[PDB]
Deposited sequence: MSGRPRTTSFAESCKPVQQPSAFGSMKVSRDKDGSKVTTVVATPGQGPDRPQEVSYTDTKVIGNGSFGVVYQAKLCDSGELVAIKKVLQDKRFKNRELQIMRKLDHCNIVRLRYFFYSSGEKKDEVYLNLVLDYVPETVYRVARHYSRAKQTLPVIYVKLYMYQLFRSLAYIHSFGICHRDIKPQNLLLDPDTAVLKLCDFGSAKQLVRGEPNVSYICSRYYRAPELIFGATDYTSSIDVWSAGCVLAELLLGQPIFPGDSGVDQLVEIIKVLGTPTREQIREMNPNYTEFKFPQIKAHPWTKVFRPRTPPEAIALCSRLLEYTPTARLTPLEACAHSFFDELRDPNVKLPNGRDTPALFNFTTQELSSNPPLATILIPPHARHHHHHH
């Protein structure tokens, strides 16, 4: 790390995200903090060459151990996942401690901040945006899951938005993990409101379907204007879930965590989805939501199947356009790896006019 002046200019030798390790000199300026936390700091910066804005995520690093988030992001190359341009190591506020720096594409907005606006304004997020955002989320989920990678922290705050192009990019892979059948995992993963019921039951053999539940929670929140399953504790959140889905059957409990099959829980009647949402809520949104928020993990739709849902039919219309006038972003440029789980969905996912 070196200091020049042409305005303060920081120069470092950083390694690119893709390809073999071929570090380049990278210069940037106009650095300012756009995020602090227990994880570390996030800076915005402007690249000297291109003038393009970037986000620099700086976290504490134990050099004796490899960084999981770095190793995961280097594999990822998708239009709905935030791109890792470069990464480098440096020193920070803690003496004799080395920091990992992640240079990512700067994205101005998040799904959270946008939805938060409509809540303050007492309006509802237009269905078109709900479709657009959710579609691109499932698209990114279909991608990472094909690598056997589970995000484990899907929430509106982690869904970056470009308001001008309506492009969504999944970020924050600091909880992501390569899920392998046979090797158990931590159940303390995933953040409040969006945790799958099996996770709340302390299951350690869960799958990537936990992300699909989180996505369902996000979808419901967009239709509702507020989180559907709030609550500080795991019990609190389960009560909310049960107050909507009804008490899970013994078999459903067995699918989540067998250790709870013998306890006699009070039988609570399920609340109809059509009463959970506003009367103006589109039937297909409700239908999609119920196919995501299932007690049994294997019963939940896969991300790819979710993209093919009728709720996203409008996005496959050739004459579709954003409210701001311009065209919708890339939605049909599916790759073979992306369609790896279920190739025949391509007949639906890729409309005839997109093949042109």
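Deposited sequence positions missing from the model - stretches, numbered from 1, in order: In the chain as deposited, 1 to 25, 32 to 34, 385 to 389 carry no coordinates.
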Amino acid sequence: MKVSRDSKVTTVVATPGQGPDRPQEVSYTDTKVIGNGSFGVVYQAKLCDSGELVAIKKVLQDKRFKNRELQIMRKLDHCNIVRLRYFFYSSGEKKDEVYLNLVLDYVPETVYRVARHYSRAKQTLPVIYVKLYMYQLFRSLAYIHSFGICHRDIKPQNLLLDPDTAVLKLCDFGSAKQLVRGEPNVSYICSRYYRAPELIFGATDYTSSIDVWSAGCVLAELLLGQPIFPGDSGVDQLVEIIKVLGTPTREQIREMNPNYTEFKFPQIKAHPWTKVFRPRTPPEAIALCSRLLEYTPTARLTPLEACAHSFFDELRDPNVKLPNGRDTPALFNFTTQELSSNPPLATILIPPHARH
From here on, numbers count along this sequence of modelled residues.
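Under this definition, the rigid core comprises the largest set of C-alpha atoms superposing within 1.5 Å between the forms.
Between stretches 263 to 271 and 203 to 211, more displaced by Cα RMS in 9 other deposited structures of this protein (rigid core superposition): The answer is 263 to 271, which departs more from the shown form in 9 other deposited structures of this protein.
Which of 141 to 149 and 232 to 240 strays further in 9 other deposited structures of this protein - Cα RMS after rigid core alignment: Relative to the shown form, the greater RMS C-alpha distance in 9 other deposited structures of this protein belongs to 232 to 240.
Other entries lacking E198, at least a third: No, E198 is modelled in every other compared entry.
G92 unmodelled in at least a third of other compared entries: That residue is missing from at least a third of the other compared entries.
Per the entry, higher mean C-alpha B factor between 302 to 310 and 317 to 325: Per the deposited B-factors, the answer is 317 to 325.
Stretch exceeding the other in mean C-alpha B-factor - 137 to 145, 86 to 94: The recorded data point to 86 to 94.
Given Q44, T296, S290, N36, the residue at which the Cα B factor reaches its maximum: That would be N36, according to the entry.
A55 - which third its CA temperature factor falls in, relative to the rest of the chain: As the PDB entry reports it, the C-alpha B-factor of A55 lands in the lowest third of its chain.
Third of the chain's Cα B-factor distribution that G182 belongs to, per the entry: Within its chain, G182 is a highest-third residue by C-alpha B-factor, going by the deposited values.
Entry-reported Cα temperature factor of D211, expressed as the chain third it lands in: As the PDB entry reports it, the C-alpha B-factor of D211 lands in the lowest third of its chain.
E221 - which third its CA temperature factor falls in, relative to the rest of the chain: Middle third.
Modelled-residue ranking by C-alpha temperature factor, third containing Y99: Its C-alpha B-factor belongs to the highest third of this chain's values.
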